[PDB]
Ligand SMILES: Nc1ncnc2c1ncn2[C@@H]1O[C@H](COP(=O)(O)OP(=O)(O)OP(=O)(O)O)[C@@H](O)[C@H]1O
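Have a look below at one chain only, the form deposited without the named molecule, in structure tokens format.
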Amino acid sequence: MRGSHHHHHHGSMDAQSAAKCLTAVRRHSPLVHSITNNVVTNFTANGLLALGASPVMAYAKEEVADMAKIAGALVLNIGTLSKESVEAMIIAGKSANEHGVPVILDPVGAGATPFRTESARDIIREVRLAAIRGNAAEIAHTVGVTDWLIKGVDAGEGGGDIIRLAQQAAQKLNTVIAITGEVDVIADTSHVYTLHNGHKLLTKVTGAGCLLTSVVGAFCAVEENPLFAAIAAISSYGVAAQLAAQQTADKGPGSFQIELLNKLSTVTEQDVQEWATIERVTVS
């Protein structure tokens, strides 16, 4: 089911190709194996079901190798990590690597404690990753940006710094780096894009980001290029979120959470084509 829905020889990844990827997810219902934190398990599963994917949660070292080998994508999330779960994530990741199943990492809280930072690097060192999704601070700490410079990530300013961070981190780790924030930045070793969809309400629902990383996995299961896969995932999620906010912005984060689940199931190819905002960044 891992097809090719876009190629740079035809131009920059765009809304139409993103919309195609979404339909492929609905069509193939990829099995997405998540080894995530216990604050977002139920939400992640429900979000994936709403979207049209097949979620599976298995954490036991006695069975993670077997589950990951048959999955369409593997997503590792250290939100509530333990030494045991980190072990399982690497066992699952190696099985995934051996079988060609793309692996996505969400380094939740990397930088907050040495344990999270090191566990994130342990995974990167022991597992080949198709992509890493996180906020600017988490990415900077994970890749090793020098202490004193990290501050350069604070506040909310853009136009190059965050864009360069993404490309430099991608070049260093040889993977796709997706930094979400006021403006989202996605890059691989030689290409960079900025995405402009979503709604601030997402910052008021726990797991909004964790679920997003799982959605990136679902798209990575049907699109061979993780960059394009991630761009389509984030754009689709963002449109779904904007549509959800229109119906609940005035009600509150509770109604919005529920409506996001509804929209992930009702958002159409037409919606993405019409509202997705994807911009290629001139790199040179």
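Residue positions are given as counts along the sequence shown, with the first one as 1.
Heads up, the form deposited with the named molecule bound isn't pictured, but that's what we're talking about next.
Q: Can you say which of 120 to 128, 204 to 212, 92 to 100, 164 to 172 gets within 4.5 Å of the named molecule in the entry with it bound, counting heavy atoms only?
A: Result of the contact check: 204 to 212.
Q: So in the entry with it bound, does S85 come within 4.5 Å of the named molecule, heavy atom to heavy atom?
A: Residue-level check for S85: no, no contact with the named molecule.
Q: So in the entry with it bound, does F219 come within 4.5 Å of the named molecule, heavy atom to heavy atom?
A: So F219 does not count as contacting the named molecule.
Q: Quick one: does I35 come within 4.5 Å of the named molecule in the entry with it bound, counting heavy atoms only?
A: Judged by the heavy-atom cut-off of 4.5 Å, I35 is well away from the named molecule in the entry with it bound.
Q: Flag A53 as yes or no: does it have a non-hydrogen atom within 4.5 angstroms of any non-hydrogen atom of the named molecule in the entry with it bound?
A: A53: no contact with the named molecule in the entry with it bound.
Q: Heavy atom within 4.5 Å of the named molecule in the entry with it bound: which residues of 171 to 185 qualify?
A: Result: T180, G181, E182, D184.
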